[PDB]
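The values are calculated or read from the model by the stated rules, or taken from the named source; nothing here is a laboratory result. Virtual Cβ from ideal backbone geometry, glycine too; neighbours counted across all protein chains shown.
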Amino acid sequence: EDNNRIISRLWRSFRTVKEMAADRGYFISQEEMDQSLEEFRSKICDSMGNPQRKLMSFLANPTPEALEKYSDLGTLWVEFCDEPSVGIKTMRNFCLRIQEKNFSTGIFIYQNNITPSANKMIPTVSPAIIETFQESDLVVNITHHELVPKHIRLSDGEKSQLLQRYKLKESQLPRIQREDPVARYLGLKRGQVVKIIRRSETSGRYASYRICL
Amino acid sequence: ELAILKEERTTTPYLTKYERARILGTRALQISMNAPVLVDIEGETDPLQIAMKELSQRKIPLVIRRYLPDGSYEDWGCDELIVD
Amino acid sequence: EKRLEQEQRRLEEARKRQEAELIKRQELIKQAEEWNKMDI
Amino acid sequence: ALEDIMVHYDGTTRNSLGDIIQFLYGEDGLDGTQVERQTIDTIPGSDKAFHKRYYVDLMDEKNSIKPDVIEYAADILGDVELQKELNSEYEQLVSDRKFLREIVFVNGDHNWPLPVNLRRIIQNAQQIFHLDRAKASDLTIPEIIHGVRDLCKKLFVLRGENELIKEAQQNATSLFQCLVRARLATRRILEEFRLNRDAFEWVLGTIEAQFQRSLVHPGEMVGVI
Amino acid sequence: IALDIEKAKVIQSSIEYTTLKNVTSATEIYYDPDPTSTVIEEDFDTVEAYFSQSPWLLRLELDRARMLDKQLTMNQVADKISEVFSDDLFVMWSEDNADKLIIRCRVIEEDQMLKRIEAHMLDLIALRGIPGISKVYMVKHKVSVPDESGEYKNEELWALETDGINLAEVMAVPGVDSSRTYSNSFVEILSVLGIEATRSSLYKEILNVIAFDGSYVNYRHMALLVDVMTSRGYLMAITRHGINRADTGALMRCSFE
């Protein structure tokens, strides 16, 4: 019934969130990655079948490779919201939790909608970063699409090397929007550069670069 | 400052077609305005043909200054650029 | 046989790294579960 | 919209503000009048046909180079360093086949515009050096391997020693190097084309010169074109 | 699902949008002041079999043929009405075996109110399907795939082509290959997949338009065009609204428009 498809969509969103966390540098165990649907229903759903989003929250730490490559990578806290509509109360509570439990970045997945007050409170949570995603747009992982090539964020040294090699200013590079779906998937901040290796029918392979806004 | 040292020149070592056309035109104009010729002309009279003969023997006394997008430049002699 | 031996060595090293990372991950799993229990 | 776009002396395509539109013109840095349709010989066919065409085994006597095409046919069986060279060539060809079949062209299309017509160069060499008749060739296998390998690192699109420059240069010539390796294979050179030493050196020099002549010229107004 | 026709038809039925107005054939308003009985003689037997507020009655006759064609159940429509209307409307429905398929309703001066309720019901009752996808067709695609021997051999597979676009919802439907769904509108591609996919889709559309009549244009020209059209991070139209909102010189911009 509709409960079964709700559970399936929630499981797909959870898998996409785990894949996103793994692609940004954090470590997620392979058993957790291939955690099947039946195990999800066993671990989350109760006797009547309703799911508890509060049981899906987890923590992550960067791999040594990612930590060496990116030095601004802290601890990640992902939390799903039971409340369909997220008010200023819930956003403030989440901000307080992040501030007290010293996390570098916190991802907050909501179900239906977020109030404008909460959005206006998002930028004032510095130095911690809060990012908001909707449940519906996380069902399918867009980075697995055939039309989406692989994006790789560059380190500060690599960005400096690129700018020196091409003798460019930052404003002279191709741009990518902050609200771009792939930019939001990678958690791009303003001033960061991604390397995009792409298929080419004239040379086989072609590496392009874009700078976030 | 803007000049680039001769050891680290990274532009192509071949004479492009635009550079060849401009160099031939400038040399032909100079020859037609009574400039000394650096090759032995047998019976040639046309300034463009004399300029082409000078180019084939690498005797054109001109320098090409190639501009980079940032403002720097590289200086290449006409005698050190390969011409087809 | 030398290439096979090198491949086995690399697989064993990767397995050891994976085991160490799993050991590190289990502590985070336990802490997250405890904090979620506290939230309830 | 496209009037102020020009190829610059560093190879990039830029507008009047200096903003980069393409890091290499046409992703290969070539002129549009210098390419022709050519077939890549590693893409089509079956695995049996590919193995039969490209694999050279110096141990099995009925799956080796023919004895009437090479003057050194006697002291060739049993070598291990040469067999290692041939295995390295075959592994490179298999990597090229995997790359083209899985990433670049997934539907199997193999007739694409590329520079330097190799068939024309090969038949020109055959006509010039009179490569007819059953005469054995004096072209050793390591000479073939090292000549092709060195040729695949002199196709300069970008000049410089920076690591990014080398990565871009290797990226820009991937498809053309696949074409060259698919054509100038050891078994193919020895049996189908029957080149000798002078013909081989002429082919290598001609490929290098013609590739140099096929690059786009800085100052081109490619936007208007 | 791609090599089976029945599963493909199941997916097609689950994707296509179907409203109440599609299966409805006629709607009527009747006066009946008895909640437990009725005046109409044709339906009296069925309603008394069922039984064993306002006097206004609302019954609508639905076409049997198109209701069976869409593969829908009367109970499903009843649950949809019950969900959208809670207990504000009492609903009854004739069984499958009825000669004419009917479903009544009763409210719990209100003739105009019932008329507005009937119009609203006909307008926006969604039975199933993705909103915006008006029609769905089945298409066969000839695709060349390598064999187990390495040889390339043709093949035939089933695929759906729709009218109307909703990429995000259709991509999440089970049974759909979510990593290959394509739209002919690249604004939606930009909103869902990003700017690199937008570049690829823009090249694909331009190539389709150019190559339909048999013409051929070299790749680098269209590549340069779509790279100019996607270099700023968003879609830049070839118009005054796109070209003249740049940072170029005033003299260069004034000479266009």
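The set of residues in segment E:54-105 that are in contact with a strand residue (DSSP E or B) (Cβ under 6 Å, 6 or more places away or on another chain) and among the acidic types (D, E) comprises E:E61, E:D63.
Per the listing D:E91, D:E36, D:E27, the residue uniquely within 14 Å of another protein chain (Cβ to nearest Cβ), under 30 Å from B:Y14 (Cβ atoms) and exposed (fewer than 15 other Cβ atoms within 10 Å of the Cβ) is D:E36.
Yes or no: A:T202 over 30 Å from D:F176 (Cβ atoms) and either part of a strand (DSSP E or B) or not assigned by CATH to the domain that holds A:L67 (or both)? Against the criterion (over 30 Å from D:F176 (Cβ atoms) and either part of a strand (DSSP E or B) or not assigned by CATH to the domain that holds A:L67 (or both)), A:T202 does not qualify. Contact annotation: residue pairs with Cβ atoms under 9 Å, 6 or more positions apart or on different chains, pairing a residue in segment E:212-224 that is in a loop (DSSP other than H, G, I, E, B) with a partner that is surrounded by fewer than 16 Cβ atoms within 10 Å (Cβ to Cβ), are E:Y216/E:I210; E:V217/E:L207; E:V217/E:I210; E:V217/E:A211.
Which ranges mark the helices (runs of 4 or more DSSP H) fully within segment D:132-215 that have 2 or more residues being within 13 Å of another protein chain (Cβ to nearest Cβ) and touching a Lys or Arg at 6+ places or on another chain (Cβ under 8 Å)? Counting at least 2 such residues, we get D:163-172. Look at A:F80 and say whether it is touching a strand residue (DSSP E or B) at 6+ places or on another chain (Cβ under 7 Å), within 14 Å of another protein chain (Cβ to nearest Cβ), among the hydrophobic types (A, V, I, L, M, F, W, C) and more than 23 Å from E:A168 (Cα to Cα). No, not satisfied. Counting the residues of segment A:66-95 that are surrounded by 16 or more Cβ atoms within 10 Å (Cβ to Cβ), among the small types (G, A, S) and over 23 Å from C:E27 (Cα atoms) gives 0. Applying the condition of being touching a helix residue (DSSP H, G or I) at 6+ places or on another chain (Cβ under 7 Å) and part of a helix (DSSP H, G or I) to segment C:13-40 and asking which residue is surrounded by the most Cβ atoms within 10 Å (Cβ to Cβ) yields C:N36. Given the condition more than 20 Å from the chain's Cα centre (by Cα), surrounded by 14 or more Cβ atoms within 10 Å (Cβ to Cβ) and either within 14 Å of chain D (Cβ to nearest Cβ) or assigned to a loop (DSSP other than H, G, I, E, B) (or both), answer yes or no: does some residue in segment E:130-147 qualify? Yes, segment E:130-147 has at least one match. The set of residues from segment B:17-33 being of a type in the set (S, T, Y) and in contact with a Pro (Cβ under 6 Å, 6 or more places away or on another chain) comprises just one member, B:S32.
Among residues of segment D:39-62 being part of a helix (DSSP H, G or I) and either of a type in the set (G, A, S) or away from chain E (no Cβ under 11 Å) (or both), the one that is nearest to B:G71 (Cα to Cα) is D:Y54. Determine if segment E:135-145 includes at least one residue that is in contact with a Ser or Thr (Cβ under 6 Å, 6 or more places away or on another chain) and at negative phi. So far as segment E:135-145 goes, yes, one or more of its residues are in contact with a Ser or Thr (Cβ under 6 Å, 6 or more places away or on another chain) and at negative phi. Answer yes if at least one residue in segment A:29-39 is in contact with a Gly (Cβ under 6 Å, 6 or more places away or on another chain) and surrounded by fewer than 16 Cβ atoms within 10 Å (Cβ to Cβ), and no otherwise. So far as segment A:29-39 goes, no, none of its residues is in contact with a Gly (Cβ under 6 Å, 6 or more places away or on another chain) and surrounded by fewer than 16 Cβ atoms within 10 Å (Cβ to Cβ). Considering only residues in segment A:135-190 that are in a helix (DSSP H, G or I) and exposed (fewer than 14 other Cβ atoms within 10 Å of the Cβ), the one that is nearest to the other protein chains (Cβ to nearest Cβ) turns out to be A:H144. For segment E:36-69, the set of residues classified as surrounded by 13 or more Cβ atoms within 10 Å (Cβ to Cβ) and assigned to a loop (DSSP other than H, G, I, E, B) consists of E:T38, E:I40, E:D43, E:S54, E:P55, E:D63, listed by residue number.
Determine whether D:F105 is more than 17 Å from the chain's Cα centre (by Cα) and of a type in the set (F, W, Y). So D:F105 fits the description; yes. State which residue is surrounded by the fewest Cβ atoms within 10 Å (Cβ to Cβ) when the search covers only segment D:178-221 and only residues that are under 22 Å from E:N218 (Cβ atoms), out of contact with any helix residue (DSSP H, G or I) (no Cβ under 6 Å at 6 or more places or on another chain) and among the aliphatic types (A, V, I, L, M). Only one residue tops the list, namely D:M221. If we scan segment B:37-57, do we find a residue that is in contact with a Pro (Cβ under 9 Å, 6 or more places away or on another chain) and more than 25 Å from D:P218 (Cβ to Cβ)? Yes, segment B:37-57 contains a residue that is in contact with a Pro (Cβ under 9 Å, 6 or more places away or on another chain) and more than 25 Å from D:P218 (Cβ to Cβ). Test A:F108 against the criterion of being surrounded by 15 or more Cβ atoms within 10 Å (Cβ to Cβ), assigned to a loop (DSSP other than H, G, I, E, B) and under 16 Å from the mean Cα position of the chain (by Cα), and give yes or no. Against the criterion (surrounded by 15 or more Cβ atoms within 10 Å (Cβ to Cβ), assigned to a loop (DSSP other than H, G, I, E, B) and under 16 Å from the mean Cα position of the chain (by Cα)), A:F108 does not qualify. Scanning segment E:218-252 for residues that are among the β-branched types (V, I, T) and either touching a strand residue (DSSP E or B) at 6+ places or on another chain (Cβ under 6 Å) or within 10 Å of another protein chain (Cβ to nearest Cβ) (or both) gives E:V228, E:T230, E:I238, E:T239, E:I243, E:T248. Taking the criterion of being in a loop (DSSP other than H, G, I, E, B) and away from chain E (no Cβ under 11 Å), the residues of segment D:1-24 that qualify are D:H8, D:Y9, D:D10, D:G11, D:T12.
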